[PDB]
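Note sheet for the following structure.
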């Protein structure tokens, strides 16, 4: 479907920590080391209601969103992995 609950994202060189907005049910993310000096948040979100790509882009400006691949557990694991982590993870809301 065009609108879905579950989304993964990265946010390159973020300016401040993320927040759980009222439209979001669950958020997990961490900070990872990228290449060429970049860093990024890597995260996973479950919205309270099915949301379009355009809606997600408004939710987190600057972030690259993709509809969740794989299972919930896999998406969470990918956003909590030790490999390249600099800080985090942080978990908000309810799975």
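Every read-out reported here was derived from the displayed coordinates using simple, explicitly stated rules and does not represent laboratory data. Positions of Cβ are generated from backbone atoms using ideal geometry, with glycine treated the same way; all protein chains shown enter the neighbour counts.
Between 33, 42, the distinction of being closer than 27 Å to residue 82 by Cβ and surrounded by 20 or more Cβ atoms within 10 Å (Cβ to Cβ) belongs to 42 only. Determine which single condition residue 48 fails, assuming it passes every other condition in (1) in contact with a strand residue (DSSP E or B) (Cβ under 7 Å, 6 or more places away or on another chain); (2) under 14 Å from residue 9 (Cβ atoms); (3) surrounded by fewer than 19 Cβ atoms within 10 Å (Cβ to Cβ). Going through the list (1) in contact with a strand residue (DSSP E or B) (Cβ under 7 Å, 6 or more places away or on another chain); (2) under 14 Å from residue 9 (Cβ atoms); (3) surrounded by fewer than 19 Cβ atoms within 10 Å (Cβ to Cβ), residue 48 breaks only (2).
Here the strands (runs of 3 or more DSSP E) wholly within segment 12-95 that include at least 3 residues being closer than 23 Å to residue 1 by Cβ are 24-33, 39-51, 63-67. A search for C-beta distances below 7 Å between a residue of segment 48-66 that is touching a residue at least 24 places away in the same chain (Cβ under 8 Å) and at positive phi and any residue that is in a strand (DSSP E or B) and surrounded by 14 or more Cβ atoms within 10 Å (Cβ to Cβ), counting only pairs 6+ apart in sequence or on different chains, returns 62/11.
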